[PDB]
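Student: Those protein sequence lines, which keep their order, are chains A and B.
Residues 11 to 720 in UniProt numbering are what the first sequence lists, from first letter to last.
Residues 11 to 720 in UniProt numbering are what the second sequence lists, from first letter to last.
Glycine residues also receive a C-beta, built at the ideal position from the N, C-alpha and C atoms.
Protein chains: 2
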Amino acid sequence: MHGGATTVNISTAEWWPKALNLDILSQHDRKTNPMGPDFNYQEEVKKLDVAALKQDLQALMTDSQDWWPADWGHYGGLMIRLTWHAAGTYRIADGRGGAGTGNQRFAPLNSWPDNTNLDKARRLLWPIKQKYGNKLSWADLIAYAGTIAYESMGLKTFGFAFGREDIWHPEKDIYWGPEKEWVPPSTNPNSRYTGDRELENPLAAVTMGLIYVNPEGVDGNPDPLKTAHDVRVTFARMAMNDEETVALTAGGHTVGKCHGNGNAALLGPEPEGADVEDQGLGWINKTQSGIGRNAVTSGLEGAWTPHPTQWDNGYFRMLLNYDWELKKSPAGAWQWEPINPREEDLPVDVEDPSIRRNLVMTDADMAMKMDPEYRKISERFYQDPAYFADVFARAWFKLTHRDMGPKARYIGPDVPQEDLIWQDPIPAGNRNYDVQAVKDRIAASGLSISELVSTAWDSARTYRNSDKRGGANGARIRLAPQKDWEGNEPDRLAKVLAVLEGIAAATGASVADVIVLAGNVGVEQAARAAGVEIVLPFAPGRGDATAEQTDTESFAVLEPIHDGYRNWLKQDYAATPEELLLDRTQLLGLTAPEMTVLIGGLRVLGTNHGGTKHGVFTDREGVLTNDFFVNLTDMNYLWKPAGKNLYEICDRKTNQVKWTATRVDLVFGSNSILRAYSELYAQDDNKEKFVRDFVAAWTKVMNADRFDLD
Amino acid sequence: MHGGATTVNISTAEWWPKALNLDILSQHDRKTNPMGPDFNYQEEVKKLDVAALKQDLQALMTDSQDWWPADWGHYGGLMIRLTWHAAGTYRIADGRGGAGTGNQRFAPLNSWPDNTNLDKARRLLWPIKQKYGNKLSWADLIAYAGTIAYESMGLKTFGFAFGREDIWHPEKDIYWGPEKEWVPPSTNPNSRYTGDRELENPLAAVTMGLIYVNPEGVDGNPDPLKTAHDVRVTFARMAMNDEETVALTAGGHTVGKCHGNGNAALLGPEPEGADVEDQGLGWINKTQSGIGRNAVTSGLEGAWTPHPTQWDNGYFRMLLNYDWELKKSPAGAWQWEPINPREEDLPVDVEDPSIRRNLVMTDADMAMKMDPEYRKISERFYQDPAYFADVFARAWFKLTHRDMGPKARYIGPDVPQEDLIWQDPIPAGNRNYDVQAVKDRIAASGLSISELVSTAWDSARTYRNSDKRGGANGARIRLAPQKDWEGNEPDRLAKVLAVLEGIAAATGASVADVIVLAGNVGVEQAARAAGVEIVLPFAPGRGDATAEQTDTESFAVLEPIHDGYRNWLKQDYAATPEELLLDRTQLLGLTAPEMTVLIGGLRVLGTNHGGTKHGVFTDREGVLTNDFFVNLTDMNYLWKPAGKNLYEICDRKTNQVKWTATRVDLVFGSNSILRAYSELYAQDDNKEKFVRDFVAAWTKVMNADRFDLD
Ligand code: HEM
Ligand code: HEM
Ligand SMILES: NNC(=O)c1ccncc1
Ligand SMILES: NNC(=O)c1ccncc1
Ligand SMILES: NNC(=O)c1ccncc1
Ligand SMILES: NNC(=O)c1ccncc1
Ligand SMILES: NNC(=O)c1ccncc1
Ligand SMILES: NNC(=O)c1ccncc1
Ligand code: NA
Ligand code: NA
Ligand code: NA
Ligand code: NA
Ligand code: NA
Ligand code: NA
Ligand code: NA
Ligand code: NA
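Okay, here's the thing in structure tokens:
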């Protein structure tokens with residue numbers, strides 16, 4: 011027998027399941043990235059022959075492959091379902107999920123029950139990926155496929171942007187929910203539901219391994235009105251309102267079908283569970299024909315429209331004009347079928363068009379008819395189909411781009427020139443100003459180091475790499491709702507902004523550029539106070555966004571209700587402060603060593619929310635030294651718990667309290683990885699490395715949102 | 011609630027526990043390494059003030075700290091136990107474990123029950139680490155501490171080498187055993203024992219969380235003769251024979267004591283389980299005094315010698331001259347105490363020397379008296395103490411250096427000039443020869459590409475980064491036992507060596523240098539055959555080792571009984587072929603993208619063991635192309651299992667068998683990470699990237715053991 015920890019279960023994880031998952035900070039690194047260190051996907055994708063790609067992708071739609079034949083000779087429905095599921099994992103609370111990384115090709119998502127047979131759809135796109143190569147990411151390809159499908163089936167799509175860079179392993183940072191089985195009912199142990207069927211907060215799906223809701227009803231029990239409530243809830247958590255939700259649902263089901271003509275128990279394991287002979291595919295039926303008319307996917311069986319290969323007004327025509335009742339598909343799934351349909355409305359067999367099959371609606375489709383608010387939108391869409399096609403095209407674009415970040419990241423010839431509000435638009439800022447002059451005015455203000463640093467931190471800290479929202483570009487901190495957020499210390503913030511707005515007015519640098527420049531100046535002073543002279547790198551050009559281009563409600567999810575870096579917690583939460591710091595740090599894109607130096611430096615700069623002294627382990631606040639680490643690692647002190655999220659650092663000999671500290675401070679001296687970092691920075695020889703690393707991490711955070719730069 | 015996978019249990023690991031643990035290949039990367047990319051510990055440690063360090067470390071031995079006072083005012087015993095436990099995790103079967111990485115400061119090892127209170131010992135060394143900084147790794151410091159302790163307590167140690175570079179997280183590649191509890195009896199479910207109490211093979215300890223054996227007896231039942239069997243077995247798996255084993259045991263227990271004066275149930279959680287207030291420490295007693303005379307560590311209580319602060323002949327004097335019986339320590343542990351000791355032989359209280367305490371022996375100590383083979387060595391050591399001190403000093407040096415690799419890695423002023431056989435010595439090879447001339451002779455031989463490449467691969471593939479043994483330096487492939495290993499294809503190997511020995515003789519390049527140069531030539535030709543002209547980088551200087559300096563039995567553990575890279579398996583094993591490939595790849599130091607290109611390239615070069623065609627998915631064998639990937643990713647084929655570790659690749663349309671393949675081949679098309687890599691290399695635009703990456707990986711492997719270079 012061999013001594014390799016060679017399968018995934020063998021681990022430290024079993025022994026101390028509560029430990030911080032620091033691995034989420036060291037993802038997507040060089041040893042996993044198979045590309046050269048100078049590869050730049052954005053510059054490559056700019057060279058892609060898009061017109062040629064569009065042509066090949068359109069041709070693929072009607073180029074049936076015999077190992078997974080196209081329904082009616084057209085892969086369009088499959089491809090739209092692929093792209094909808096790719097995008098459909100997004101959620102607004104943390105920005106995680108979405109189509110922006112091509113994550114559907116990796117675990118767990120490649121093997122979710124809701125993604126059954128999308129393994130074949132991905133595989134069908136391989137010859138195109140093979141052809142266009144490094145200039146076409148799987149992520150962009152997967153995001154594009156359904157858009158091209160809509161074009162080929164007769165819908166005028168609103169546009170498309172390239173620019174999604176591929177990843178090479180699962181996104182380990184994404185918590186998909188608490189369950190340890192696929193699609194368990196909402197009364198299971200480990201439920202994602204609390205209280206009065208309230209869906210726990212980051213989550214945007216009703217159960218583990220579904221995209222949004224259960225097509226058969228809540229917990230598998232048909233009831234259109236309860237299904238509607240779940241639809242409304244899950245879709246809102248994916249940034250969509252009633253109109254967008256009805257449009258998306260109807261528009262999706264205007265094409266394609268449900269596959270459930272066989273026995274679902276005969277499908278082989280999902281892809282991560284299948285053995286090598288299945289070619290990275292899953293759900294393979296080796297007992298009977300599992301393809302064409304015998305395909306089984308969701309278990310429901312039928313098409314929503316008479317002509318599932320084309321964009322039309324079939325969906326509301328069927329739904330609204332027929333009356334419907336519950337039936338069981340051949341695989342045993344609940345579905346709705348129409349009472350007394352006409353022959354001529356029956357969709358035909360996917361292999362032989364001389365045979366007629368059946369129409370179907372899911373519980374979510376029936377919701378669009380029975381929920382009184384959806385019913386109104388549905389009737390509008392049936393009576394005004396041009397409006398329907400417009401709203402649908404726009405919502406489909408939003409769906410597939412909502413995690414792409416600012417328009418500065420978008421590439422390609424079909425990028426819409428409109429600025430949509432959900433792109434959080436920001437104009438280009440003037441770059442032709444004297445930086446030094448601005449710095450001199452900042453220094454000559456009487457704003458302290460702590461005011462300066464806290465304000466620039468608070469402006470940048472909202473950035474999240476999950477969907478590329480937030481950050482210092484735009485100076486949205488000066489606008490509603492940010493300017494009144496409790497974590498942002500609105501009085502201190504109003505005080506600093508009054509000054510810095512004056513400076514911006516006077517110099518023609520944006521308020522955004524000045525906020526950042528000012529934090530640089532506070533850091534610079536703090537270093538100078540330690541006898542270190544440095545100038546921090548600085549890139550001008552940030553714009554100031556307007557209130558008109560700032561969706562107030564959509565910014566709610568970026569509010570800092572916790573920020574370990576300023577020892578801030580708005581309330582007492584169930585998660586530990588240090589887990590919350592890890593989460594925020596992962597969204598900022600920071601590594602564990604970065605996280606560590608930032609904490610130590612921010613602490614000694616005197617930047618804690620409320621001017622608290624927790625973790626301020628220095629006799630010289632305002633001076634950028636490694637004191638935090640020196641003192642944290644000093645065994646002349648013992649640490650005594652002193653209530654909620656608080657500790658006394660006491661002298662072992664005198665039994666006097668020297669400092670206080672929170673769990674955010676003390677984890678850097680407790681966790682064995684973080685203390686190893688703390689010890690490195692507390693070494694006699696690493697005072698200058700500490701400053702230099704602090705600076706580099708500061709700068710990283712100030713520039714996180716600068717996609718406008720090249 | 012927040013959407014971060016923020017604690018270690020949240021994972022893909024739960025869902026598909028059988029999946030390959032590819033993370034073990036992407037360890038110790040840039041995002042975890044807090045040092046600058048140009049930091050080089052070897053060049054820094056060369057600048058360390060060793061004499062000053064020796065002085066500080068010696069002073070620490072008698073610089074008692076009040077939070078964990080030194081027994082009798084001397085930390086020596088604690089520090090030797092620290093260093094022995096650090097080194098004592100080594101095992102020969104895979105080279106994993108040992109003191110060579112400073113792993114004791116990270117999970118799981120920092121919290122093993124056998125490492126109780128070594129958290130305090132590590133902490134006590136922090137002020138020295140803080141002082142010497144980046145020029146002194148925690149790894150070297152921990153390895154050195156016990157050596158300096160022995161010096162200060164009167165023993166002439168044999169020497170010491172610096173050069174162990176620190177790591178920054180647990181070694182995820184090390185499988186420590188199957189149990190999910192600490193120290194369970196050998197009849198538990200999940201036992202590491204098979205058959206007739208046969209210890210499963212990589213493992214070198216009798217249970218989970220112990221270093222070697224149970225000090226209270228087998229499964230906690232005292233019986234010196236059964237304890238002896240476990241001692242003999244575990245120590246042999248750590249490279250030590252009877253003489254070294256008795257010397258180590260006696261020499262360790264010549265100093266220090268067992269701590270068990272209290273109740274073990276009152277000790278707080280081990281370090282990874284303790285909360286933030288414990289300062290990364292563990293086992294803290296908050297209910298009563300847990301320090302000094304009230305310390306509890308193993309639960310046994312007493313010292314082996316009258317004078318535990320000094321090197322002497324107390325150990326065999328006590329053991330051999332007193333008769334012993336079983337008693338229970340105050341913590342409730344079984345131990346041996348002497349019948350009728352004299353007052354004057356009783357070790358005194360650790361805080362107050364006017365109080366006498368007790369002598370003790372463990373079951374392993376009694377083994378040294380009762381096992382008939384140990385008894386003889388013990389009497390030799392008692393009658394010849396100079397011999398004892400010599401053997402012990404040498405074995406202690408071996409213990410602490412056995413995973414350091416060749417002497418070329420050793421640094422510092424106390425490196426022994428002797429070449430010990432366990433360092434696998436190799437001389438410097440002549441570097442002043444004409445490389446091209448050698449290449450021309452190789453090319454003009456009639457040795458094929460496959461002979462050339464296979465032979466260089468087989469010479470290098472034995473390298474393992476766990477203990478830095480093996481590799482192409484030394485040309486030990488031409489010697490016993492390697493030249494007759496079945497995986498090395500001894501006839502083909504004898505045929506190639508006859509030629510290449512001739513070339514080496516003729517040119518004054520070592521046989522080692524020529525073996526590698528020859529593989530480069532085979533690769534070069536193969537590329538030329540594809541119309542690509544490259545010259546592979548090459549570093550001369552390898553030596554040819556002698557039989558006299560090659561310990562035949564110790565090389566047994568490097569035999570290639572499996573090597574996916576040449577589609578080789580010596581027998582049918584319980585582990586899957588792909589898990590075995592992952593293990594080997596991790597020991598070679600390769601990343602997953604490296605592993606991937608190496609497989610594809612080796613396959614098309616025609617290098618499989620036995621000249622098999624499994625995975626040879628080309629019509630042009632001998633030509634270095636990306637054909638393997640092109641064909642592997644082609645859905646014109648289906649894959650049919652065809653017995654053990656074998657598959658047929660069949661044309662979907664004709665149902666004819668086109669190629670055959672093993673699991674090692676097909677996992678690269680099945681695993682979702684590996685197929686993502688396979689697809690990258692099968693892209694129309696990546697023929698040259700494939701060759702270039704192949705070459706870079708080839709070169710990496712050929713140079714893995716070249717510590718002689720700078
Ligand atoms: C609102 C909740 C939704 C539910 C419960 C739902 C449910 C389903 C189900 C059960 C299938 C059948 C899958 C199969 O068996 O092959 C399916 C197919 C599909 N859905 Fe949805 N859907 C929803 C929303 C959407 C949206 C928002 C889109 C796109 C805008 C979409 C587009 C599609 C398409 C194109 C197919 C056809 C697949 C094919 O022809 O292969 N659906 N839907
Ligand atoms: C052969 C099996 C061995 C067993 C079962 C064993 C067992 C133990 C036990 C139970 C303790 C007491 C720990 C405590 O309660 O503080 C201990 C202490 C120690 N052992 Fe071993 N030991 C073994 C081999 C070794 C070796 C090979 C070395 C070094 C060459 C060593 C050196 C020490 C030292 C120095 C201490 C004293 C710790 C102190 O004074 O704080 N032992 N041993
Ligand atoms: N063999 N296939 C059928 O008879 C069938 C197809 C679709 N819905 C119901 C039945
Ligand atoms: N259920 N059948 C399939 O998923 C399949 C059929 C043929 N080749 C690959 C996959
Ligand atoms: N319980 N429902 C499912 O397992 C399922 C749902 C949608 N597609 C496939 C399977
Ligand atoms: N309080 N400590 C004792 O009485 C003791 C110390 C060591 N062995 C036995 C007893
Ligand atoms: N059992 N007691 C201890 O481990 C300890 C005592 C004082 N400070 C730190 C640790
Ligand atoms: N069962 N034995 C133990 O748990 C143990 C052994 C050695 N040191 C501490 C604890
Ligand atoms: Na790389
Ligand atoms: Na996202
Ligand atoms: Na239609
Ligand atoms: Na330094
Ligand atoms: Na780094
Ligand atoms: Na090792
Ligand atoms: Na002694
Ligand atoms: Na290329």
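Grab me the residues of residue 117 (chain B)'s own chain with a C-beta within less than 7 Å of its C-beta, minus the 5 sequence neighbours each way, in chain order.
Tutor: Counted from its first residue, the second sequence places residue 117 (chain B) at position 107. If we look at residue 117 (chain B) and ignore the five residues flanking it on each side, its Cβ neighbours are 180 and 282.
Student: Select from the region 203-237 of chain B all residues with a C-beta closer than 7 Å to any C-beta belonging to chain A, and list them in chain order.
Tutor: 210, 211 and 212
Student: What does the Cβ neighbour count give for residue 743 (chain B), buried or exposed, with the cut at 16 atoms within 10 Å?
Tutor: This structure cannot speak to residue 743 (chain B), because chain B is shown only from 11 to 720.
Student: Are the region 381-388 of chain B and the region 337-344 of chain B in contact at 8 Å, needing three or more beta carbon pairs?
Tutor: No, the region 381-388 of chain B does not touch the region 337-344 of chain B.
Student: Is it true that the CB of residue 486 (chain B) sits closer than 7 Å to the CB of residue 507 (chain B)?
Tutor: Locating residue 507 (chain B) in the second sequence gives position 497, counting from the first residue. Locating residue 486 (chain B) in the second sequence gives position 476, counting from the first residue. Result no, Cβ atoms of residue 507 (chain B) and residue 486 (chain B) do not sit closer than 7 Å.
Student: DSSP state of residue 95 (chain A), grouped into three classes?
Tutor: Working through the first sequence from its first residue, we reach residue 95 (chain A) at position 85. Residue 95 (chain A): helix per DSSP, three-state reduction.
Student: Look at residue 174 (chain A) and residue 150 (chain A) and say whether their C-beta atoms are less than 7 Å apart.
Tutor: Start at 1 with the first residue of the first sequence, and residue 174 (chain A) comes out as number 164. Start at 1 with the first residue of the first sequence, and residue 150 (chain A) comes out as number 140. Cβ distance < 7 Å, so residue 174 (chain A) and residue 150 (chain A) count as in contact.
Student: Nearest chain A C-beta to residue 405 (chain B) closer than 7 Å, yes or no?
Tutor: Position 395 of the second sequence, counting from 1, holds the residue named residue 405 (chain B). Output row for residue 405 (chain B): interface = no.
Student: In its own chain, which residues sit with a C-beta less than 6 Å from the C-beta of residue 707 (chain B), not counting the 5 before and 5 after it?
Tutor: Indexing the second sequence from 1 puts residue 707 (chain B) at position 697. Once the five neighbours on either side are set aside, the close Cβ partners of residue 707 (chain B) are 604, 607 and 608.
Student: Starting from the C-beta of residue 380 (chain A), find all residues in its chain whose C-beta is less than 8 Å away, skip the five residues before and the five after it, and write them out in chain order.
Tutor: Counting from one through the first sequence, the residue named residue 380 (chain A) turns up at place 370. The residues are 234, 235 and 238.
Student: Give the residues whose C-beta lies closer than 7 Å to at least one heavy atom of ligand 16, in chain order.
Tutor: Those residues are A:143, A:144, B:695, B:696, B:698 and B:699, given in chain order.
Student: When the cut-off is 7 Å and only beta carbons count, does residue 179 (chain A) lie next to chain B?
Tutor: Your numbering for residue 179 (chain A) matches position 169 in the first sequence. Yes, residue 179 (chain A) lies at the interface with chain B (some Cβ there is under 7 Å from its Cβ).
Student: Would you say residue 11 (chain B) lies against chain A (beta-carbon separation less than 7 Å)?
Tutor: On the second sequence, position 1 is the one that residue 11 (chain B) refers to. Yes, contact with chain A.
Student: What does the shell around ligand 13 hold, if a residue joins when its beta-carbon is under 5 Å from any heavy atom?
Tutor: B:40 and B:43
Student: To the nearest angstrom, how far is it from the Cα of residue 713 (chain A) to the Cα of residue 75 (chain A)?
Tutor: Your numbering for residue 713 (chain A) matches position 703 in the first sequence. Your numbering for residue 75 (chain A) matches position 65 in the first sequence. So the alpha carbons of these two residues sit roughly 47 Å apart.
Student: Near residue 543 (chain B), what residues of its chain come up, given a Cβ to Cβ distance below 7 Å and the 5 sequence neighbours on each side ignored?
Tutor: Reading the second sequence from its first residue, position 533 is the one you call residue 543 (chain B). Excluding positions up to five away in sequence, the list is empty.
Student: For ligand 10, I want to know if residue 106 (chain A) counts as a neighbour, meaning its beta carbon is within less than 6 Å of at least one of the ligand's heavy atoms.
Tutor: As a working note, residue 106 (chain A) is residue 96 in the first sequence. Yes, the beta carbon of residue 106 (chain A) sits closer than 6 Å to at least one heavy atom of ligand 10.
Student: What three-state label does DSSP hand residue 431 (chain B) in the structure shown?
Tutor: For the purposes of this step, residue 431 (chain B) is taken as residue 421 along the second sequence, with counting starting at 1. It is helical.
Student: Within the same chain, show all residues whose beta-carbon is closer than 6 Å to that of residue 725 (chain A), passing over the 5 residues directly before and after it, in chain order.
Tutor: The shown model of chain A, from 11 to 720, leaves out residue 725 (chain A), and the question about it has no answer.
Student: Could you list which residues in chain A have their beta carbon closer than 8 Å to that of residue 413 (chain B), in chain order?
Tutor: Residue mapping note: residue 413 (chain B) aligns to position 403 of the second sequence, counting from 1. Within chain A, no residue comes near residue 413 (chain B); the closest Cβ sits about 13 Å away, beyond 8 Å.
Student: Would you check if the distance between the CB atom of residue 636 (chain B) and the CB atom of residue 691 (chain B) is smaller than 7 Å?
Tutor: By 1-based counting over the second sequence, the position of residue 636 (chain B) is 626. By 1-based counting over the second sequence, the position of residue 691 (chain B) is 681. For residue 636 (chain B) and residue 691 (chain B), yes; Cβs fall inside 7 Å.
Student: To the nearest angstrom, report how far apart residue 653 (chain A) and residue 289 (chain B) are at their CA atoms.
Tutor: One-based indexing of the first sequence puts residue 653 (chain A) at position 643. One-based indexing of the second sequence puts residue 289 (chain B) at position 279. So the two alpha carbons sit approximately 17 Å from each other.
Student: Got a sec: which bits of the region 112-134 of chain A sit with their beta carbon under 8 Å from any beta carbon on chain B, in order along the chain?
Tutor: 115, 116, 117, 118, 120, 121 and 133
Student: Chain B beta carbons: is any one of them nearer than 7 Å to that of residue 141 (chain A)?
Tutor: Here residue 141 (chain A) refers to the residue found at position 131 of the first sequence. Yes - at least one Cβ of chain B is within 7 Å of the one on residue 141 (chain A).
Student: Going by DSSP in three states, residue 144 (chain A) sits in which element: helix, strand or coil?
Tutor: Numbered from 1 along the first sequence, position 134 holds the residue referred to as residue 144 (chain A). Here residue 144 (chain A) sits in helix by DSSP.
Student: I need the DSSP call for residue 612 (chain A), collapsed to helix, strand or coil.
Tutor: Here residue 612 (chain A) refers to the residue found at position 602 of the first sequence. Helix.
Student: Enumerate in chain order the residues of its own chain whose CB-to-CB distance from residue 38 (chain A) is below 8 Å, with the five nearest sequence positions on each side excluded.
Tutor: The residue given as residue 38 (chain A) occupies position 28 in the first sequence. Within the same chain, residue 38 (chain A) has close Cβ partners 177, 178 and 179.
Student: Name, please, each residue of chain B whose Cβ falls closer than 9 Å to the Cβ of residue 144 (chain A).
Tutor: Translated into positions along the first sequence, residue 144 (chain A) becomes position 134. The answer, in chain order, is 690, 693, 695, 696 and 699.
Student: Quick check: is the beta carbon of residue 34 (chain B) nearer than 7 Å to any beta carbon in chain A?
Tutor: One-based indexing of the second sequence puts residue 34 (chain B) at position 24. Yes - at least one Cβ of chain A is within 7 Å of the one on residue 34 (chain B).
Student: Once DSSP output is grouped into helix, strand and coil, what is the label at residue 345 (chain B)?
Tutor: Locating residue 345 (chain B) in the second sequence gives position 335, where the first residue counts as 1. Of the three classes helix, strand and coil, the one that applies to residue 345 (chain B) here is strand, per DSSP.
Student: Quick one: what does DSSP say residue 484 (chain B) is sitting in, helix, strand or coil?
Tutor: Start at 1 with the first residue of the second sequence, and residue 484 (chain B) comes out as number 474. Note: residue 484 (chain B) maps to strand in three-state DSSP.
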